[PDB]
file structure-v2.tsv (TSV, C-alpha atoms)
chain	number	residue	atom	x	y	z
I	110	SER	CA	56.24	47.74	-106.66
I	111	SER	CA	53.74	44.94	-107.31
I	112	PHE	CA	50.03	45.04	-108.17
I	113	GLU	CA	48.41	41.61	-108.56
I	114	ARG	CA	44.65	41.52	-108.98
I	115	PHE	CA	43.54	38.04	-107.94
I	116	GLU	CA	40.18	36.39	-107.36
I	117	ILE	CA	39.69	36.28	-103.60
I	118	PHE	CA	36.21	34.73	-103.87
I	119	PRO	CA	35.10	33.17	-107.18
I	120	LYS	CA	31.68	34.26	-108.38
I	121	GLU	CA	30.46	30.93	-109.76
I	122	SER	CA	31.73	29.14	-106.66
I	123	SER	CA	32.05	30.50	-103.11
I	124	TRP	CA	28.37	31.56	-102.87
I	125	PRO	CA	26.15	28.49	-103.33
I	126	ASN	CA	23.17	29.74	-101.29
I	127	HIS	CA	22.94	33.35	-102.56
I	128	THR	CA	22.07	35.19	-105.76
I	129	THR	CA	25.16	36.91	-107.09
I	130	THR	CA	23.51	38.67	-110.06
I	131	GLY	CA	22.81	42.06	-108.51
I	132	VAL	CA	23.16	45.00	-110.90
I	133	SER	CA	22.09	48.63	-110.59
I	134	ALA	CA	21.04	51.23	-113.14
I	135	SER	CA	23.28	53.73	-111.34
I	136	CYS	CA	26.24	51.63	-112.56
I	137	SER	CA	25.02	51.17	-116.12
I	138	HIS	CA	27.59	50.00	-118.67
I	139	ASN	CA	26.84	50.47	-122.39
I	140	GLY	CA	23.15	50.93	-121.75
I	141	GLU	CA	22.61	47.78	-119.70
I	142	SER	CA	22.85	47.83	-115.92
I	143	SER	CA	26.00	46.44	-114.33
I	144	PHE	CA	27.98	46.48	-111.09
I	145	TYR	CA	31.54	46.83	-109.83
I	146	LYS	CA	34.08	44.40	-111.25
I	147	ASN	CA	35.82	43.90	-107.88
I	148	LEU	CA	32.70	43.55	-105.70
I	149	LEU	CA	29.80	41.11	-105.72
I	150	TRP	CA	26.26	41.96	-104.61
I	151	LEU	CA	24.73	39.10	-102.62
I	152	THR	CA	20.97	38.91	-102.34
I	153	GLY	CA	18.63	36.07	-101.38
I	154	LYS	CA	18.00	32.78	-103.20
I	155	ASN	CA	14.96	30.43	-102.85
I	156	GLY	CA	13.34	33.02	-100.53
I	157	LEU	CA	15.99	33.18	-97.75
I	158	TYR	CA	19.31	34.80	-96.90
I	159	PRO	CA	21.42	32.16	-95.12
I	160	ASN	CA	24.17	32.94	-92.65
I	161	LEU	CA	27.52	33.64	-94.31
I	162	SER	CA	30.85	32.82	-92.67
I	163	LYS	CA	33.75	32.86	-95.14
I	164	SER	CA	37.44	33.19	-94.32
I	165	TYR	CA	40.56	33.88	-96.37
I	166	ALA	CA	44.10	33.32	-95.10
I	167	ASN	CA	46.88	35.34	-96.72
I	168	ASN	CA	49.50	33.18	-98.42
I	169	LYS	CA	51.18	35.54	-100.91
I	170	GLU	CA	54.07	36.96	-98.78
I	171	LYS	CA	52.47	40.32	-99.61
I	172	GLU	CA	49.88	42.48	-97.89
I	173	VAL	CA	46.50	42.12	-99.60
I	174	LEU	CA	44.10	45.03	-100.01
I	175	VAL	CA	40.60	43.67	-99.40
I	176	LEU	CA	37.65	45.90	-100.27
I	177	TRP	CA	34.07	45.19	-99.20
I	178	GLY	CA	30.82	47.09	-98.83
I	179	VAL	CA	27.75	47.38	-96.64
I	180	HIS	CA	24.35	48.13	-98.17
I	181	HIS	CA	21.94	50.59	-96.55
I	182	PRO	CA	18.51	50.22	-98.19
I	183	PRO	CA	16.32	53.32	-98.48
I	184	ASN	CA	13.20	51.88	-96.82
I	185	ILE	CA	12.32	48.83	-94.74
I	186	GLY	CA	10.42	47.31	-97.66
I	187	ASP	CA	13.53	47.01	-99.82
I	188	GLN	CA	15.40	45.57	-96.82
I	189	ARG	CA	12.82	42.78	-96.52
I	190	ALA	CA	12.68	42.34	-100.30
I	191	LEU	CA	16.41	41.75	-100.78
I	192	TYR	CA	17.66	40.32	-97.48
I	193	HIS	CA	14.49	38.89	-95.83
I	194	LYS	CA	15.38	40.31	-92.32
I	195	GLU	CA	14.54	43.78	-90.87
I	196	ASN	CA	17.86	43.92	-89.06
I	197	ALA	CA	21.22	42.54	-90.16
I	198	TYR	CA	24.86	42.43	-89.08
I	199	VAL	CA	28.18	42.34	-90.94
I	200	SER	CA	31.15	41.27	-88.82
I	201	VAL	CA	34.52	41.68	-90.52
I	202	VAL	CA	37.30	40.39	-88.28
I	203	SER	CA	41.04	39.87	-88.61
I	204	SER	CA	44.19	39.90	-86.50
I	205	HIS	CA	44.44	43.71	-86.33
I	206	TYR	CA	40.98	44.78	-87.53
I	207	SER	CA	37.48	44.18	-86.20
I	208	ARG	CA	34.28	45.96	-87.16
I	209	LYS	CA	30.56	45.31	-86.82
I	210	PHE	CA	28.27	47.01	-89.32
I	211	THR	CA	24.52	47.56	-88.85
I	212	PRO	CA	22.26	48.60	-91.73
I	213	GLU	CA	20.97	52.17	-91.38
I	214	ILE	CA	17.67	52.51	-93.23
I	215	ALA	CA	16.97	56.11	-94.20
I	216	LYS	CA	15.54	57.88	-97.23
I	217	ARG	CA	18.65	59.83	-98.27
I	218	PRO	CA	18.49	62.55	-101.01
I	219	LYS	CA	18.47	60.81	-104.42
I	220	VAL	CA	22.04	60.73	-105.86
I	221	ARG	CA	23.00	58.56	-108.88
I	222	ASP	CA	19.25	57.72	-109.31
I	223	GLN	CA	19.32	55.95	-105.89
I	224	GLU	CA	18.28	56.86	-102.30
I	225	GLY	CA	20.00	53.86	-100.64
I	226	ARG	CA	23.75	54.14	-99.92
I	227	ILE	CA	26.62	51.58	-100.05
I	228	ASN	CA	29.49	52.23	-97.60
I	229	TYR	CA	32.87	51.01	-98.84
I	230	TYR	CA	35.52	49.67	-96.46
I	231	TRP	CA	39.03	48.34	-96.97
I	232	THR	CA	41.85	46.78	-95.00
I	233	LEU	CA	45.35	45.39	-95.54
I	234	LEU	CA	45.89	41.74	-94.66
I	235	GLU	CA	49.42	41.15	-93.43
I	236	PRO	CA	51.31	38.14	-94.86
I	237	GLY	CA	50.24	35.24	-92.68
I	238	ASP	CA	46.86	36.49	-91.49
I	239	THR	CA	43.21	35.75	-92.21
I	240	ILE	CA	40.06	37.82	-92.63
I	241	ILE	CA	36.64	36.43	-91.68
I	242	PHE	CA	33.39	37.78	-93.12
I	243	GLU	CA	30.19	36.94	-91.27
I	244	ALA	CA	26.92	38.29	-92.58
I	245	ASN	CA	23.20	37.62	-92.44
I	246	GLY	CA	22.52	40.50	-94.83
I	247	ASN	CA	23.68	43.72	-96.47
I	248	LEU	CA	27.08	42.44	-97.63
I	249	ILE	CA	28.77	43.57	-100.84
I	250	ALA	CA	31.35	40.80	-100.79
I	251	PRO	CA	34.87	41.06	-102.18
I	252	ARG	CA	35.53	39.33	-105.49
I	253	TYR	CA	38.98	40.57	-106.53
I	254	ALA	CA	41.72	41.62	-104.12
I	255	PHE	CA	45.11	43.25	-104.68
I	256	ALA	CA	48.45	41.96	-103.43
I	257	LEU	CA	50.37	45.17	-102.79
I	258	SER	CA	54.12	45.44	-102.49
I	259	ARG	CA	54.88	49.00	-101.42
I	260	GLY	CA	57.63	51.36	-102.51
I	261	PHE	CA	58.87	54.92	-102.14
I	262	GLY	CA	56.43	57.58	-100.97
I	263	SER	CA	54.70	59.30	-103.88
I	264	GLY	CA	51.50	61.18	-104.62
I	265	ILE	CA	48.66	61.93	-107.03
I	266	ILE	CA	48.98	64.65	-109.66
I	267	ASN	CA	45.78	66.44	-110.67
I	268	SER	CA	46.50	67.64	-114.20
I	269	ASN	CA	45.22	67.72	-117.78
I	270	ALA	CA	48.41	67.31	-119.79
I	271	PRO	CA	49.69	65.00	-122.54
I	272	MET	CA	51.65	61.87	-121.65
I	273	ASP	CA	55.04	61.12	-123.22
X	165	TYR	CA	37.72	53.51	-58.69
X	166	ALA	CA	38.13	57.21	-57.90
X	167	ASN	CA	41.50	58.87	-58.41
X	168	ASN	CA	42.99	60.21	-55.18
X	169	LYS	CA	46.70	60.34	-56.03
X	170	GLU	CA	46.83	63.89	-57.54
X	171	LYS	CA	48.56	62.27	-60.54
X	172	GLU	CA	47.22	60.73	-63.73
X	173	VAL	CA	46.66	56.98	-63.36
X	174	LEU	CA	47.25	54.50	-66.17
X	175	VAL	CA	44.50	51.86	-66.07
X	176	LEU	CA	44.87	48.77	-68.26
X	177	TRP	CA	42.28	46.07	-68.91
X	178	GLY	CA	41.33	43.48	-71.49
X	179	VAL	CA	38.40	41.83	-73.22
X	180	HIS	CA	38.36	38.13	-74.12
X	181	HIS	CA	37.21	36.66	-77.44
X	182	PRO	CA	36.84	32.87	-77.16
X	183	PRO	CA	37.37	30.82	-80.33
X	184	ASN	CA	34.06	28.94	-80.23
X	185	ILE	CA	30.66	29.37	-78.61
X	186	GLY	CA	31.40	26.29	-76.50
X	187	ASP	CA	34.23	28.05	-74.68
X	188	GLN	CA	32.15	31.23	-74.25
X	189	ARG	CA	29.53	29.26	-72.28
X	190	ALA	CA	31.99	27.05	-70.40
X	191	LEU	CA	33.86	30.06	-68.94
X	192	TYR	CA	31.34	32.91	-69.04
X	193	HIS	CA	27.97	31.08	-69.07
X	194	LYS	CA	26.39	33.62	-71.43
X	195	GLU	CA	26.13	33.54	-75.22
X	196	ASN	CA	26.39	37.33	-75.58
X	197	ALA	CA	28.29	39.51	-73.10
X	198	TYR	CA	29.06	43.20	-72.67
X	199	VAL	CA	31.98	45.14	-71.17
X	200	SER	CA	31.32	48.82	-70.44
X	201	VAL	CA	34.17	51.07	-69.30
X	202	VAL	CA	33.09	54.61	-68.42
X	203	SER	CA	35.20	57.59	-67.38
X	204	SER	CA	34.61	61.33	-67.39
X	205	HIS	CA	36.41	61.51	-70.74
X	206	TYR	CA	36.30	57.86	-71.86
X	207	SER	CA	33.34	55.63	-72.68
X	208	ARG	CA	33.43	52.28	-74.48
X	209	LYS	CA	31.14	49.25	-74.78
X	210	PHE	CA	32.91	46.07	-76.01
X	211	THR	CA	31.18	42.95	-77.29
X	212	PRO	CA	33.04	39.62	-77.48
X	213	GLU	CA	33.50	38.38	-81.05
X	214	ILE	CA	33.62	34.61	-81.53
X	215	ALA	CA	35.83	33.47	-84.40
X	216	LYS	CA	38.24	30.70	-85.35
X	217	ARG	CA	41.42	32.75	-85.57
X	218	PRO	CA	44.78	31.09	-86.42

call {"tool": "encode", "arguments": {"input": "structure-v2.tsv", "output": "structure tokens"}}
result
Amino acid sequence: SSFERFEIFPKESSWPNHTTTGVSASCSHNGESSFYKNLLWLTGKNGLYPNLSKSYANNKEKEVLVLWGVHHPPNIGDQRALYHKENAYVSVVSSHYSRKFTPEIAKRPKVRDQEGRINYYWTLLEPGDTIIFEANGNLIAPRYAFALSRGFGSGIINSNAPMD
Amino acid sequence: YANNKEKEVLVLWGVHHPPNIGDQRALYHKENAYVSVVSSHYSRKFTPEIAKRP
């Protein structure tokens, strides 16, 4: 019934100790490399990846769909190159959700030109609840969220037909 | 505890998550704790998560 894309974490603000200019050739837009419009790739600035602890409290009388990611580098060298720490943790906590994520370095079969994988996670913040992101590495932070008013049960139609 | 009542037993427990590291130490005297619950068909290992919840 409602779909409001809103900036949960501004790119120019909200990350003053990290590089937010991560792009990948697997997500190339019009030749040049780009990245997701709703996610932000945080890497290290001034040779360090500082501890991140950022919280958002829901204030929109609507459940908010928050999407984040966890990066799994292909080898240990890339892990040290981007996040400057052989092991990392991503704690995403809320009132009714709690998950710890640990990077899993492995050389996976090359898909979309890459061997490393990014696992995508989502949750629904209830109206009057907060989500806390803590991370010392491997965090694909949310940038745009979605306030979602729900409606009648429906589905997805898989078809190739004109629209009138 | 070993079941000797010939009936299924409902066992309830809980794990605490203090708001700040100060409380963790004050009450539990350890920065990082572990809670393992093991049964023949259940096995879980909980870690306290410290956060400033509302």

call {"tool": "residues_around", "arguments": {"input": "structure-v2.tsv", "residues": "stretch 225-237 of chain I", "least_positions_apart": "5", "cutoff": "7 Å", "atoms": "only C-alpha atoms", "output": "count of residues only"}}
result
20

call {"tool": "closest_atom_pairs", "arguments": {"input": "structure-v2.tsv", "of": "stretch 144-163 of chain I", "to": "stretch 198-206 of chain I", "cutoff": "12 Å", "atoms": "all atoms listed in the file", "output": "tab-separated table"}}
result
residue	atom	partner	partner_atom	distance
I:160	CA	I:198	CA	10.2
I:161	CA	I:199	CA	9.4
I:162	CA	I:200	CA	9.3
I:163	CA	I:201	CA	10.0

call {"tool": "closest_atom_pairs", "arguments": {"input": "structure-v2.tsv", "of": "chain X", "to": "chain I", "cutoff": "12 Å", "atoms": "all atoms listed in the file", "output": "CSV"}}
result
residue,atom,partner,partner_atom,distance
X:181,CA,I:202,CA,11.5
X:210,CA,I:209,CA,11.1
X:211,CA,I:209,CA,9.8
X:212,CA,I:207,CA,10.8
X:213,CA,I:202,CA,8.4
X:214,CA,I:202,CA,9.6
X:215,CA,I:241,CA,7.9
X:216,CA,I:241,CA,8.7
X:217,CA,I:239,CA,7.5
X:218,CA,I:239,CA,7.6

call {"tool": "atom_distance", "arguments": {"input": "structure-v2.tsv", "atom1": "atom CA of residue I:190", "atom2": "atom CA of residue I:121"}}
result
23.1 Å

call {"tool": "axis_aligned_box", "arguments": {"input": "structure-v2.tsv", "around": "stretch 172-186 of chain X", "padding_each_side": "4 Å", "output": "AutoDock Vina command-line options"}}
result
--center_x 39.0 --center_y 43.5 --center_z -71.8 --size_x 24.6 --size_y 42.4 --size_z 25.0

call {"tool": "atom_distance", "arguments": {"input": "structure-v2.tsv", "atom1": "atom CA of residue X:184", "atom2": "atom CA of residue I:193"}}
result
26.9 Å

call {"tool": "atom_distance", "arguments": {"input": "structure-v2.tsv", "atom1": "atom CA of residue I:143", "atom2": "atom CA of residue I:221"}}
result
13.6 Å

call {"tool": "closest_residue", "arguments": {"input": "structure-v2.tsv", "among": "X:206, X:171, X:182, X:166", "to": "residue X:194", "atoms": "only C-alpha atoms"}}
result
X:182

call {"tool": "closest_residue", "arguments": {"input": "structure-v2.tsv", "among": "I:265, I:222, I:260, I:253", "to": "residue I:133", "atoms": "only C-alpha atoms"}}
result
I:222

call {"tool": "build_atoms", "arguments": {"input": "structure-v2.tsv", "residues": "stretch 180-197 of chain X", "atoms": "N, CA and C atoms", "output": "CSV table (one decimal), keeping the file's coordinate frame"}}
result
chain,number,residue,atom,x,y,z
X,180,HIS,N,38.1,39.5,-73.6
X,180,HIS,CA,38.4,38.1,-74.1
X,180,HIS,C,37.4,37.8,-75.3
X,181,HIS,N,38.0,37.1,-76.3
X,181,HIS,CA,37.2,36.7,-77.4
X,181,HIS,C,37.5,35.2,-77.6
X,182,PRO,N,36.6,34.3,-77.1
X,182,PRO,CA,36.8,32.9,-77.2
X,182,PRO,C,36.7,32.4,-78.6
X,183,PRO,N,37.4,31.3,-78.9
X,183,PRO,CA,37.4,30.8,-80.3
X,183,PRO,C,36.0,30.3,-80.8
X,184,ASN,N,35.3,29.6,-79.9
X,184,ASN,CA,34.1,28.9,-80.2
X,184,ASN,C,33.0,29.3,-79.2
X,185,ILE,N,31.8,29.1,-79.5
X,185,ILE,CA,30.7,29.4,-78.6
X,185,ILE,C,30.7,28.4,-77.4
X,186,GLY,N,31.3,27.2,-77.6
X,186,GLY,CA,31.4,26.3,-76.5
X,186,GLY,C,32.2,26.8,-75.4
X,187,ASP,N,33.4,27.4,-75.7
X,187,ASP,CA,34.2,28.0,-74.7
X,187,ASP,C,33.5,29.2,-74.0
X,188,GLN,N,32.9,30.1,-74.8
X,188,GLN,CA,32.2,31.2,-74.2
X,188,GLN,C,31.3,30.7,-73.1
X,189,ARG,N,30.5,29.7,-73.3
X,189,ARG,CA,29.5,29.3,-72.3
X,189,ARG,C,30.3,28.7,-71.1
X,190,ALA,N,31.2,27.7,-71.4
X,190,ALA,CA,32.0,27.0,-70.4
X,190,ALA,C,32.6,28.0,-69.4
X,191,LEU,N,33.1,29.1,-69.9
X,191,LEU,CA,33.9,30.1,-68.9
X,191,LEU,C,33.0,31.2,-68.5
X,192,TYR,N,32.1,31.7,-69.4
X,192,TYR,CA,31.3,32.9,-69.0
X,192,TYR,C,29.8,32.7,-68.9
X,193,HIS,N,29.3,31.5,-69.3
X,193,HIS,CA,28.0,31.1,-69.1
X,193,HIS,C,26.9,32.0,-69.7
X,194,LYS,N,27.3,32.8,-70.7
X,194,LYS,CA,26.4,33.6,-71.4
X,194,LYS,C,26.8,33.7,-72.9
X,195,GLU,N,25.8,33.5,-73.8
X,195,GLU,CA,26.1,33.5,-75.2
X,195,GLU,C,26.6,34.9,-75.7
X,196,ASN,N,26.0,36.0,-75.2
X,196,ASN,CA,26.4,37.3,-75.6
X,196,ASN,C,26.7,38.1,-74.3
X,197,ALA,N,27.9,38.8,-74.3
X,197,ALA,CA,28.3,39.5,-73.1
X,197,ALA,C,28.6,41.0,-73.5
